[PDB]
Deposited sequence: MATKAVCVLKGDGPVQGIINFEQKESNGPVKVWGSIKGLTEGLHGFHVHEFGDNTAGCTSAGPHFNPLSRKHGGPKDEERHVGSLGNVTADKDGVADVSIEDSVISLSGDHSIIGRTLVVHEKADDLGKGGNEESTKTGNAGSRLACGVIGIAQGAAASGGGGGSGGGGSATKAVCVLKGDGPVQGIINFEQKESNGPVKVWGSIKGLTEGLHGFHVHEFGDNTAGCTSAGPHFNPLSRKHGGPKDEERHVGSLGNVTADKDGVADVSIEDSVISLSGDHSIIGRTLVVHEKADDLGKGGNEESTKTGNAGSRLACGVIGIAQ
């Protein structure tokens, strides 16, 4: 895509929104926004390999590094793709970010879509610490906050054989959903657990944008690259993102087990860097006879969502 976004959150007070824009498909990426809750001074700022936040920032794995090079600073030949250097927080604990980088992309095998942006406790020494740790992390220390990099309203995306989504919302609904596609236009297995739901049927869809800047609202409509009407997963007439219903048991738990051949974890129907949403009400699978049925299945409000990240 030509635009991406990341909401950074952690166990402490660090939070922010970082925007990405890439106008020419392998030109430089503009990176800008704001992070607050930081100590005054320099903080390591990196793309890590996996958009897996199922164990906070730890499950993001190491720096994104397809080239197997040593850690470096940005404007520097020997670096990781994900080495974006340092952000500087002012005396109000705010880092105003304004970067331009040519090594990261929002498309291709060097795409950061569906990966994790991390802000660190300490400064990145940019590989010039002498020791071994410096040539892997820049001695940047703890991961204070992170988020999965999602597709924002523009354009695209990213590529993997496993993906994962951490669902959260305003209310008590939360869960983790796993995606596995062992052959690269075969079915995607979709499995996991969501809790805090009312007993019964809940609409379950991939929405177009991996944008959670305004909660689930900013995820936009159902992912619909073929411009079809909403349907059930078994219908010819459906959105790519229309995975049907999941069922919550009397304890409010939906043990999701789905297999879909229309979604993909690569190519132009890739759901990497898009948002998975679970809904208030049953999806009528486009059989409701009203205009809303043909758009959303009358599934109602978005109880929880998250950005679908590369796991594999």
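Gaps in the model relative to the deposited sequence occur at 1, 157-166, listed in sequence order.
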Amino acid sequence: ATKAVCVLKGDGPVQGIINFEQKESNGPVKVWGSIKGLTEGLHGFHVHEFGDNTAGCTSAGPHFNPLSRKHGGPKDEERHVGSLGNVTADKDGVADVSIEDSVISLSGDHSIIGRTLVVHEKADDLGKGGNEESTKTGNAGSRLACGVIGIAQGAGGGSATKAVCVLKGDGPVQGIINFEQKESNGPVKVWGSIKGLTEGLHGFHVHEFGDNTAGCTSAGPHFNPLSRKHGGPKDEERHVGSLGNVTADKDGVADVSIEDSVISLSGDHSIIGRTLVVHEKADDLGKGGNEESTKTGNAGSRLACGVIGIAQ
From here on, numbers count along this sequence of modelled residues.
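Of the two segments examined, 157-165 and 206-214, it is 157-165 that shows the higher average Cα temperature factor in the deposited entry. Mean CA B-factor, 134-142 versus 193-201: the higher value falls on 134-142. Comparing the listed residues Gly150, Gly220, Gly127, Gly232, the entry records the largest Cα B-factor for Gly127. In this entry, the residue among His80, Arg238, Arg115, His120 with the greatest C-alpha B factor is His80.
Looking at the C-alpha B-factors along this chain, the one for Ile177 belongs to the lowest third. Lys295: CA B factor lies in the middle third for its chain, per the PDB record. Annotation for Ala311: CA B-factor lies in the middle third of the chain's modelled residues. For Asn245, the recorded CA B-factor ranks within the lowest third of the chain. Only modelled residues enter the ranking. For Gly33, the recorded CA B-factor ranks within the middle third of the chain. Only modelled residues enter the ranking.
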